[PDB]
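Asker: You'll find upload_34.csv just under this line, and it carries CSV, C-alpha atoms.
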chain,number,residue,atom,x,y,z
J,7,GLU,CA,9.7,37.4,-3.6
J,8,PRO,CA,8.8,33.6,-3.4
J,9,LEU,CA,6.0,31.5,-4.9
J,10,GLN,CA,3.8,29.9,-2.2
J,11,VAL,CA,3.0,26.2,-3.0
J,12,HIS,CA,0.7,23.8,-1.2
J,13,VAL,CA,2.3,20.4,-1.8
J,14,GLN,CA,0.5,17.1,-1.2
J,15,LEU,CA,2.4,13.9,-1.1
J,16,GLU,CA,0.6,10.6,-1.7
J,17,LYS,CA,2.7,7.5,-0.6
J,18,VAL,CA,1.5,4.2,-2.0
J,19,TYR,CA,3.0,1.1,-0.1
J,20,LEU,CA,3.4,-2.5,-1.2
J,21,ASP,CA,0.4,-3.6,0.9
J,22,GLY,CA,-1.9,-1.2,-1.0
J,23,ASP,CA,-2.1,1.3,1.8
J,24,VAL,CA,-1.9,5.0,1.0
J,25,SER,CA,-0.9,7.9,3.2
J,26,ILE,CA,-1.3,11.7,2.3
J,27,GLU,CA,0.9,14.4,3.7
J,28,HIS,CA,0.7,18.3,3.3
J,29,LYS,CA,3.5,20.8,3.0
J,30,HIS,CA,3.6,24.5,2.4
J,31,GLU,CA,6.7,25.5,0.4
J,32,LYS,CA,8.2,28.8,-0.8
J,33,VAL,CA,9.8,28.5,-4.2
J,34,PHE,CA,12.7,30.7,-5.1
J,35,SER,CA,14.2,28.3,-7.7
J,36,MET,CA,11.6,26.4,-9.8
J,37,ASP,CA,14.3,23.9,-10.8
J,38,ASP,CA,15.3,23.4,-7.1
J,39,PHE,CA,11.6,22.6,-6.3
J,40,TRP,CA,11.3,20.1,-9.1
J,41,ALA,CA,14.6,18.6,-8.0
J,42,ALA,CA,13.5,18.0,-4.5
J,43,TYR,CA,10.6,16.0,-5.9
J,44,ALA,CA,12.3,14.4,-9.0
J,45,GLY,CA,11.5,10.8,-7.9
J,46,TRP,CA,7.8,11.6,-7.5
J,47,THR,CA,5.1,11.5,-10.1
J,48,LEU,CA,3.0,14.6,-10.8
J,49,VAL,CA,-0.8,13.9,-10.4
J,50,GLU,CA,-1.9,17.5,-10.6
J,51,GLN,CA,-0.5,21.0,-10.8
J,52,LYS,CA,-2.2,24.3,-10.5
J,53,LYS,CA,-1.0,27.8,-9.7
J,54,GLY,CA,-0.1,27.4,-6.0
J,55,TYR,CA,-0.6,23.6,-5.7
J,56,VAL,CA,1.1,20.3,-6.6
J,57,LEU,CA,0.0,16.7,-5.8
J,58,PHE,CA,2.8,14.1,-6.2
J,59,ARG,CA,2.5,10.3,-5.9
J,60,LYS,CA,5.4,7.8,-5.1
J,61,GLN,CA,5.4,4.0,-4.8
J,62,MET,CA,7.2,3.2,-1.6
J,63,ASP,CA,9.3,0.1,-1.6
J,64,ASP,CA,7.9,-0.9,1.8
J,65,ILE,CA,4.7,-1.6,3.7
J,66,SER,CA,2.9,1.3,5.4
J,67,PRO,CA,3.6,2.2,9.1
J,68,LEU,CA,0.0,1.4,10.1
J,69,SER,CA,0.4,-2.0,8.4
J,70,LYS,CA,3.4,-2.7,10.5
J,71,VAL,CA,1.1,-2.6,13.6
J,72,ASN,CA,-2.2,-3.8,12.2
J,73,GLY,CA,-1.3,-5.7,9.0
J,74,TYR,CA,-2.9,-9.0,8.1
J,75,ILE,CA,-3.3,-11.2,5.0
J,76,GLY,CA,-6.6,-13.0,4.7
J,77,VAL,CA,-9.1,-14.3,2.2
J,78,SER,CA,-12.3,-12.6,1.2
J,79,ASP,CA,-14.8,-12.6,-1.7
J,80,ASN,CA,-14.5,-15.8,-3.7
J,81,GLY,CA,-11.1,-17.0,-2.4
J,82,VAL,CA,-9.4,-13.6,-3.0
J,83,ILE,CA,-6.2,-12.8,-1.1
J,84,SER,CA,-6.4,-9.4,0.5
J,85,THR,CA,-4.5,-7.2,2.9
J,86,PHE,CA,-6.5,-6.1,5.9
J,87,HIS,CA,-6.1,-3.7,8.8
J,88,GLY,CA,-6.7,-5.8,11.9
J,89,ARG,CA,-7.6,-9.5,11.8
J,90,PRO,CA,-10.2,-10.2,9.2
J,91,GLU,CA,-13.9,-10.6,10.0
J,92,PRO,CA,-16.0,-11.0,6.8
J,93,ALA,CA,-17.6,-7.5,7.3
J,94,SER,CA,-14.1,-6.2,7.4
J,95,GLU,CA,-12.5,-3.7,4.9
J,96,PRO,CA,-9.6,-5.0,2.6
J,97,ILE,CA,-6.9,-2.4,2.1
J,98,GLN,CA,-6.3,-4.1,-1.3
J,99,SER,CA,-7.3,-7.4,-3.0
J,100,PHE,CA,-4.7,-9.3,-5.1
J,101,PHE,CA,-5.6,-12.7,-6.6
J,102,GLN,CA,-7.9,-15.6,-6.2
J,103,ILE,CA,-6.5,-18.9,-4.8
J,104,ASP,CA,-7.8,-22.4,-4.6
J,105,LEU,CA,-8.4,-23.0,-0.9
J,106,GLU,CA,-9.1,-26.7,-1.5
J,107,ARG,CA,-5.4,-27.1,-2.3
J,108,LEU,CA,-4.0,-25.7,0.9
J,109,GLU,CA,-2.6,-28.0,3.6
J,110,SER,CA,-4.9,-27.9,6.6
J,111,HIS,CA,-2.7,-25.9,9.0
J,112,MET,CA,-1.9,-23.4,6.3
J,113,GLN,CA,-5.6,-23.1,5.5
J,114,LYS,CA,-6.4,-22.4,9.1
J,115,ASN,CA,-3.7,-19.7,9.4
J,116,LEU,CA,-4.9,-17.9,6.3
J,117,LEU,CA,-8.6,-18.2,7.4
J,118,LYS,CA,-7.7,-16.7,10.8
J,119,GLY,CA,-5.5,-14.1,9.2
J,120,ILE,CA,-1.7,-14.1,8.8
J,121,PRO,CA,0.2,-11.2,10.5
J,122,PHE,CA,2.9,-9.3,8.6
J,123,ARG,CA,5.0,-6.5,10.2
J,124,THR,CA,7.8,-6.2,7.7
J,125,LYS,CA,8.2,-6.0,3.9
J,126,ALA,CA,10.0,-9.3,3.8
J,127,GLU,CA,7.2,-11.1,5.7
J,128,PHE,CA,4.6,-9.4,3.5
J,129,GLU,CA,6.0,-10.6,0.2
J,130,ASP,CA,6.9,-14.0,1.8
J,131,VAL,CA,3.2,-14.6,2.5
J,132,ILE,CA,2.0,-13.3,-0.9
J,133,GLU,CA,4.6,-15.5,-2.8
J,134,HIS,CA,3.5,-18.5,-0.7
J,135,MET,CA,-0.2,-17.7,-1.6
J,136,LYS,CA,0.6,-17.2,-5.3
J,137,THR,CA,1.4,-20.9,-5.6
J,138,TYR,CA,-2.3,-21.6,-5.2
J,139,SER,CA,-3.6,-19.2,-7.9
J,140,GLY,CA,-4.2,-20.3,-11.6
J,141,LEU,CA,-7.0,-22.4,-13.3
J,142,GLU,CA,-8.1,-25.7,-11.7
Could I get this file's structure written as structure tokens?

Answerer:
Amino acid sequence: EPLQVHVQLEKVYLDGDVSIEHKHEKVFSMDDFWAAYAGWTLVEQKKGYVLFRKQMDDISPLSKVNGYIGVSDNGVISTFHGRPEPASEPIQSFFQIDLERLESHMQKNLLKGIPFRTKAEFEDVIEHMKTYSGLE
């Protein structure tokens, strides 16, 4: 005689991308349900519905095929889907950097847009860029 539960799963990745997934579940054991989702955070619960969020220790799948780091705004490091144009849409913005301080080649790479396809590459580039943040 089970409880029917619409489950939504929000995955938040290291690049700032978010994905949303739906499930329909039948709950016989409440405690078994909660246990399947123990690593997730509860955003909302109603009768018949739960939305959970989880920070994934990874970049998103779409970022792995489309993922760039660029500069926007006033020298703000951003992740982008597809190479940046300045009417392009940052997935997430992170910090300002001083572009005057970047070595010429590195400046060009960033201004064109730097591809990442893995978690390692993502946080390599961010760490590199983080050197150039701070007050002048």

Asker: Could you tell me how far atom CA of residue J:84 lies from atom CA of residue J:119, in Å and to one decimal?

Answerer: 9.9 Å

Asker: In the coordinate frame of the file, compute which residues have an atom within 8 Å of (2.2, 14.0, -1.3) when using all atoms listed in the file, and state them as a list in words.

Answerer: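 Taken together, the residues in range are residues 13, 14, 15, 16, 17, 26, 27, 28, 57, 58, 59 and 60 of chain J.
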
Asker: How far is it from atom CA of residue J:80 to atom CA of residue J:138, in Å with one decimal?

Answerer: 13.6 Å

Asker: Determine the nearest neighbour of residue J:46 from the options J:110, J:115, J:10, J:61, counting only C-alpha atoms.

Answerer: J:61

Asker: As a list in words, please: the residues near residue J:99 (cut-off 9 Å, all atoms listed in the file, same-chain neighbours under 2 positions excluded).

Answerer: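 Final neighbour list, sorted by chain and number: residues 22, 77, 78, 82, 83, 84, 85, 96, 97, 101 and 102 of chain J.
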
Asker: With only C-alpha atoms as the basis for distance, which of J:11, J:126, J:132, J:120 is at the shortest distance from residue J:54?

Answerer: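 Once distances to residue J:54 are computed over only C-alpha atoms, the minimum belongs to J:11.
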
Asker: Provide the atom CA of residue J:135 to atom CA of residue J:25 distance in Å, to one decimal place.

Answerer: 26.1 Å

Asker: Would you be able to write out as a PyMOL selection string which residues have an atom within 12 Å of (2.0, 31.2, -9.0) in the file's coordinates, counting all atoms listed in the file?

Answerer: chain J and resi 7-12+31-34+36+51-56

Asker: Write out as a ChimeraX atom specification the residues lying within 7 Å of residue J:73, counting all atoms listed in the file and excluding same-chain residues fewer than 5 positions away.

Answerer: /J:86-88,121-123

Asker: Rank nothing, just name the residue among J:30, J:62, J:100, J:128 nearest to residue J:74, using all atoms listed in the file.

Answerer: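 Among J:30, J:62, J:100, J:128, it is J:128 that comes nearest to residue J:74.
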